[PDB]
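S.K.: Take this structure, written in structure tokens, and hold onto it; I'll ask about it next.
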Amino acid sequence: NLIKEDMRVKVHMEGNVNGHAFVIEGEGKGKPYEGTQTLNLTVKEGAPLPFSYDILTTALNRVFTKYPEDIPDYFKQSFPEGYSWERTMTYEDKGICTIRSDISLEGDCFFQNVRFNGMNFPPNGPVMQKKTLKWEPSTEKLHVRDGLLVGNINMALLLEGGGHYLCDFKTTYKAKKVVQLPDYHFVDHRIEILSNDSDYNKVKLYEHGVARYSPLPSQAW
Amino acid sequence: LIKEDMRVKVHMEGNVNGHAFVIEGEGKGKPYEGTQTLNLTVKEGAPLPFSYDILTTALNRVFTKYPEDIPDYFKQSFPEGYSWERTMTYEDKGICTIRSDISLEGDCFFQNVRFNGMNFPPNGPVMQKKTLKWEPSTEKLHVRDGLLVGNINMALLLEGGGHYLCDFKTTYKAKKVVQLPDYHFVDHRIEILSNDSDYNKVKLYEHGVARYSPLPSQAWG
Amino acid sequence: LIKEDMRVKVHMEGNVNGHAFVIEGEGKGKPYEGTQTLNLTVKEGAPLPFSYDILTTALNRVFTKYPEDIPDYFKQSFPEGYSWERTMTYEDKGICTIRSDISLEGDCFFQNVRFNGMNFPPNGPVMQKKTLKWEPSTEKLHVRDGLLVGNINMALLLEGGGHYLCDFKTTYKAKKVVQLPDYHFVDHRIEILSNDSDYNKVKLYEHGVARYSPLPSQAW
Amino acid sequence: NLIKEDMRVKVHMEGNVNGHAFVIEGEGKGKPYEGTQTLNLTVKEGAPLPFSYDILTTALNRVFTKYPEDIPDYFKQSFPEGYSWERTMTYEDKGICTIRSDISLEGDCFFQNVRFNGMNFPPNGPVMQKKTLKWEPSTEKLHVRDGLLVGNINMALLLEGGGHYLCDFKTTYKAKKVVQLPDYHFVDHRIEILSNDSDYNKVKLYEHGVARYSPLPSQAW
């Protein structure tokens, strides 16, 4: 392969959210095989961002996933050529985000070029009023469709005062190379904002992913 | 009230693509280890022109294994019971709306089911009976209006390896005040164990185990 | 056979959010003009603890005015009749599924309906009864697998400003093969003309005229 | 009355659709109060387009709409300043298009810059296989939410062979100064391409758009 116990990360994101443009860069590091990582991010244009930073966070790389050896790792196999992805996030109040990202490797550094579009967030809703506290942790199902890997998740944001604001995630990941394809399976995720200034110009972001099958054993044969 | 072993009885009235049917079933389970089995029989509208897989999840979370650190909304619902209302949206516009009332009498739960399936395309894998099974899934649960809401991104393995996808939303409604749990998951696995040629006779199995995320929070301490 | 003046007979079994109900109605209409009137009484379930507005459209495109040049899928389907099957997906994820069989017994039509509504948030505008009226609407109808699909963007005007949105998708079913209409529209307006604050008793009027577009083509 | 019977139009488009970038520019003329315009288009970069061009055409201005007297033009009254809109197009085949447009006025000539993002269109798809003939005439319904003008349409593309590729359109319209909003109403739409060259790099486009309330008069008025 070419991936190691420790890898560095470089992110570049541009986007637009409800007519507001912004760019954000980051530099981070993680452990592909243990499926954890941390990223330091800076808002370069558009500060102070007037929407919850949480809608961005999952946009900011499934090579940092712990993949048992019994499950082909689509992502690690995709390198050095790499892989890209595309995502739709539809919120329950009809806010919506579409997102594209290219994932290359130079040396030990993965670079992430991300474009991020968000739209239709009601001016008095949790996103533009920043009432989000965090994403509940989540489980993503991964299936093949046209040889692409496609993943879906029912996500929820924990709001100030408990209870949740939901959004459905659809992601399509595409290798730039012939790779052994996995069976149907899952990824347990927890994403976290560790630390941030009050306005979010700097944010330290963290992510744990573990792949599996189901743990309920089949009655079949 | 809820004993290590219990019986189950089901009555379902349905209509799928303007075709009515009725199904009766009887079985048993271990509410606390969240396993159970069911014998089903078509008492009307035999033989069914469409895949039995759409019916199976309609035919009680009482049978879920809950850790003692998650409140069991369901068990708590009893003696009195709880009802549930569910949407199933298929990727090709096929829709079922489903409702079930769950009362207890003796050692045997009784489930009264209304199941309306509409709008399946004639040449889709539903009417052409081209599905094989549900992949096991992970449902996520939350409180909203004092009821409990489950969402699941479902998928049918087709004949030829592909998947036919379906989203699930169930609102569960205890008929008394109970102790509401924190946001959690239930992992599932449903399987048809045996069937006669017509699926006029069906032997169903379900395993449901509740949990939090396996992944540690890293933020603060 | 479908004569200028007809009688309508209406029976509806329903469950919304668990509360079961039966509603019966009878009236008359001018099918070839698009109007009809209906006197409804609630036989079971009263008082209904939810917006009556959800029910009113499930209570016949036979009473649409159709022109010469647009096939009338509905009057054509008689004397044998048709059924239909409808999905209503409301913006707060309240959803309804309806079926109604439309039959003829001489001068009176007998529409027999199954209504099912569920997941209405207990505090939403349907269970709290905060809806004044359906707006007037326009349904696009097209062919897909030999049968006739309608879609309509619906909206209920709400107690003091605000609109609550609903998508309607109906699929219609001929009890004969009929002539298949080209893509086209049917403008709608329905209204409760009177009621008892509980809606035990209601008067109900529908209008509607099938048309093509009122804009001309520049295609050559 | 800053706006004339006759106005010119500038139109500038960049976008993606399944991973294929493009930049489209057009010049045209039209009549605001009659509801009619025309438009000539060069595919500036990205030619030949690898997708159907109809998916673009509704993004290449509701000024060019005949608004009767008793419904205030939300769109013409928006100026001098200008306006924007956000739009989703959710195709039945799950291809999604998310669109933001920015509409100005200098001299006699309105400027349109469009951000076209296109996603998830199948490879045996109508939009990728270029199988579309035109949009069927339409009726949009338009309402107030959050003091923004929202519109919903049930659109349908006719396809070689007859038959139809459906798409649900919601567009939310955003004036940059505080106009008086109309009540509930409808626009009838007809959009037509008047001619194209084989790969469609060159195109003239014509839309006609009339506002109205429901013709039907009120029984209870």
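S.K.: If the Cβ limit is 7 Å and pairs must be 6+ apart or interchain, which residue in segment A:193-221 that is on the phi > 0 side of the Ramachandran plot pairs with which residue that is assigned to a loop (DSSP other than H, G, I, E, B)?
M.R.: Final answer for the pair search is A:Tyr200/A:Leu49.
S.K.: Only residues that are over 13 Å from B:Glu24 (Cα atoms) and either in contact with a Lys or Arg (Cβ under 9 Å, 6 or more places away or on another chain) or part of a strand (DSSP E or B) (or both): list them for segment B:186-206, please. Outline the logic, then answer.
M.R.: Going through segment B:186-206, the residues over 13 Å from B:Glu24 (Cα atoms) turn out to be B:186-198, B:205-206.
B:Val186, B:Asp187, B:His188, B:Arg189, B:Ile190, B:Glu191, B:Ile192, B:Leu193, B:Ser194, B:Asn195, B:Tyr205, B:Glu206 - these are the residues of segment B:186-206 that are over 13 Å from B:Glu24 (Cα atoms) and either in contact with a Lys or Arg (Cβ under 9 Å, 6 or more places away or on another chain) or part of a strand (DSSP E or B) (or both).
S.K.: Can I ask one more? Among the residues in segment C:45-58, are any within 14 Å of the chain's Cα centre (by Cα) and polar (S, T, N, Q)? Even if it seems obvious, please write down each step before you answer.
M.R.: As a first pass, look at segment C:45-58 and keep what is within 14 Å of the chain's Cα centre (by Cα): C:52-58.
From what's left, polar (S, T, N, Q): C:56-57.
Yes - at least one qualifying residue is present in segment C:45-58.
S.K.: Which of the residues that make up segment B:1-39 are of a type in the set (A, V, I, L, M, F, W, C) and either in a loop (DSSP other than H, G, I, E, B) or surrounded by fewer than 16 Cβ atoms within 10 Å (Cβ to Cβ) (or both)?
M.R.: Narrowing segment B:1-39 to residues of a type in the set (A, V, I, L, M, F, W, C): B:1-2, B:6, B:8, B:10, B:12, B:16, B:20-23, B:38.
B:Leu1, B:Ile2, B:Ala20, B:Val22, listed by residue number.
S.K.: Select from segment D:49-91 the residues that are within 10 Å of another protein chain (Cβ to nearest Cβ) and among the acidic types (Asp, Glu) and list them in ascending order.
M.R.: D:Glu86, the sole residue that qualifies.
S.K.: Might you check whether a residue that is touching a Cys at 6+ places or on another chain (Cβ under 8 Å) and crowded, with 16+ Cβ neighbours inside 10 Å occurs anywhere in segment B:103-116?
M.R.: Our first condition is that a residue be touching a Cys at 6+ places or on another chain (Cβ under 8 Å); within segment B:103-116, this holds for B:115-116.
Retained after the next criterion (residues that are crowded, with 16+ Cβ neighbours inside 10 Å): B:115-116.
Checking segment B:103-116: at least one residue is touching a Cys at 6+ places or on another chain (Cβ under 8 Å) and crowded, with 16+ Cβ neighbours inside 10 Å.
S.K.: Filter segment C:183-201 down to residues that are more than 9 Å from chain D (Cβ to nearest Cβ) and touching an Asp or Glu at 6+ places or on another chain (Cβ under 8 Å) and give me whichever is nearest to C:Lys133 (Cα to Cα).
M.R.: That would be C:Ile190.
S.K.: Among the residues that make up segment C:108-121, is at least one of them over 21 Å from C:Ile23 (Cβ atoms), aliphatic (A, V, I, L, M) and out of contact with any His (no Cβ under 9 Å at 6 or more places or on another chain)?
M.R.: So in segment C:108-121, the residues over 21 Å from C:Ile23 (Cβ atoms) come out as C:119, C:121.
Narrowing further to those that are aliphatic (A, V, I, L, M): none.
So far as segment C:108-121 goes, no, none of its residues is over 21 Å from C:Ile23 (Cβ atoms), aliphatic (A, V, I, L, M) and out of contact with any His (no Cβ under 9 Å at 6 or more places or on another chain).
S.K.: Something else now. Could you count how many residues in segment D:74-86 are closer than 24 Å to A:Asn120 by Cα and surrounded by fewer than 21 Cβ atoms within 10 Å (Cβ to Cβ)? It would help to see each step written out before you state the result.
M.R.: First, pick out the residues of segment D:74-86 that are closer than 24 Å to A:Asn120 by Cα: D:74-79, D:81-86.
After this cut, where a residue has to be surrounded by fewer than 21 Cβ atoms within 10 Å (Cβ to Cβ) as well, the list is D:76-77, D:79, D:81-82, D:84.
Of the residues in that region, 6 qualify.
S.K.: Within segment D:202-217, count every residue that is within 10 Å of chain C (Cβ to nearest Cβ), of a type in the set (A, V, I, L, M, F, W, C) and closer than 22 Å to D:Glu136 by Cα.
M.R.: First, the residues of segment D:202-217 that are within 10 Å of chain C (Cβ to nearest Cβ): D:206-210, D:212-217.
Subset that is of a type in the set (A, V, I, L, M, F, W, C): D:210, D:216.
Checking the rest, the ones that are also closer than 22 Å to D:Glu136 by Cα come to D:210.
Residues in segment D:202-217 being within 10 Å of chain C (Cβ to nearest Cβ), of a type in the set (A, V, I, L, M, F, W, C) and closer than 22 Å to D:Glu136 by Cα: 1 in total.
S.K.: Among the numbered conditions (1) more than 17 Å from the chain's Cα centre (by Cα); (2) under 15 Å from A:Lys141 (Cβ atoms), tell me where B:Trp220 comes up short.
M.R.: (2)
S.K.: While we're on this one: Anything in segment D:92-148 that is among the basic types (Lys, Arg), more than 14 Å from chain C (Cβ to nearest Cβ) and within 30 Å of B:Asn119 (Cα to Cα)? List them, or say none. Lay out the reasoning, then the answer.
M.R.: Step one: filter segment D:92-148 for residues among the basic types (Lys, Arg), giving D:94, D:100, D:115, D:130-131, D:134, D:141, D:145.
From the residues that got through so far, the ones that are more than 14 Å from chain C (Cβ to nearest Cβ) too are D:94, D:100, D:115, D:130-131.
D:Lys94, D:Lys130, D:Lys131 - these are the residues of segment D:92-148 that are among the basic types (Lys, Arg), more than 14 Å from chain C (Cβ to nearest Cβ) and within 30 Å of B:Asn119 (Cα to Cα).
S.K.: A further question follows. I'd like the residue in segment C:207-217 that is part of a loop (DSSP other than H, G, I, E, B) and farther than 29 Å from B:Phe120 by Cα and, out of all such residues, is farthest from the chain's Cα centre (by Cα). Explain how you work it out, then say what you get.
M.R.: Filtering segment C:207-217 down to residues part of a loop (DSSP other than H, G, I, E, B) leaves C:212-217.
Of the ones still in play, those that are also farther than 29 Å from B:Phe120 by Cα are C:213-217.
Details: C:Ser213: 22, C:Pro214: 24, C:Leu215: 27, C:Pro216: 29, C:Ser217: 31 Å.
Ranking the candidates gives C:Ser217 first.
Cβ atoms come from the backbone with ideal geometry, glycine included; neighbour counts cover every protein chain shown. No lab work stands behind these numbers, since they all come straight from the coordinates.
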